[PDB]
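Have a look below at one chain only, the form deposited in one PDB entry, in structure tokens format.
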């Protein structure tokens, strides 16, 4: 009777509490998505157990074995019932799983160390002094791999061959690299993560330029799940009653440090 909710350790969506060692189950974790999962489960009327995705990935299909990994894989293969995470709504995923209407809007964005002479993707593409990269897996990397726009094709060509590799395993690693590189590394990531980091000490990063696209995160379920409808209606209610905005303020801005 207990619904398995897959999620991913990513600040400020899901994080361990300070004393998690003496805590069990859902209590171990806190964050925006922990709060959102509680709200969904309240309104859908289900008991639930949070489960951190074993492989720490969002979800992509292996071109060789055709196997889905990450949170998407957990849903595809029936190991989880719902995903509550900053999981981007994309065509290739919508082909295999279902998504609620968006609970958060975002776009791909550029993170620089303050003072770096870059104001747009065009600025990055036309030079080589400042390296740039994305998460080693995820919808951002796929944006560049799949683009047919000249500027982004140029960026993908550079990123694919750059050494040392410009691809990072986690968002935190990419951020660390921006901070430690004296302005010679810029990180391509979602505007939501960018905005969060901008409000954290040492306050040495910034989001520059407009977003490169417009999309959203959705709460995901397996195709044909009997929970899809109620989850979607819950998300819409939470939006219209101002909860989603409240939670965004709680985890991004109310706690700000800059």
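Positions refer to the first chain, counted from 1.
On average the C-alpha atoms of 129-137 have higher B-factors than those of the other stretch, with 129-137 and 84-92 being the two compared. Taking the PDB entry as given, 14-22 carries the higher mean Cα B factor of the two stretches 14-22 and 231-239. Comparing the C-alpha B-factors of 124, 172, 72, 111 in the entry, the top value falls on 172. In this entry, the residue among 51, 205, 221, 65 with the greatest C-alpha B factor is 65. Residue 153: CA B factor lies in the middle third for its chain, per the PDB record.
Residue 31: CA B factor in the lowest third of modelled residues in this chain (values from the PDB entry).
Sort the chain's modelled residues by C-alpha temperature factor and residue 188 lands in the lowest third, per the entry. Per-chain ranking of the deposited C-alpha B factor places residue 253 in the highest third. When all modelled residues of the chain are sorted by CA temperature factor, residue 101 is found within the lowest third.
Absent from the display: the form solved in complex with a small molecule. The rest refers to it.
Proximity to the small molecule in the deposited bound form, taken as heavy atoms within 4.5 Å, picks out 104-112 from the listed stretches 75-83, 146-154, 176-184, 104-112. Proximity of residue 229 to the small molecule in the deposited bound form: non-hydrogen atoms within 4.5 Å are absent; the residue sits far from the partner. In the deposited bound form, the small molecule sits beyond 4.5 Å of every heavy atom of residue 43. In the deposited bound form, none of the heavy atoms of residue 209 sits within 4.5 Å of a heavy atom of the small molecule. In the deposited bound form, the small molecule lies within 4.5 Å of some heavy atom of residue 89. 215 is the sole member of 61, 28, 200, 215 with a non-hydrogen atom lying within 4.5 angstroms of the small molecule in the deposited bound form.
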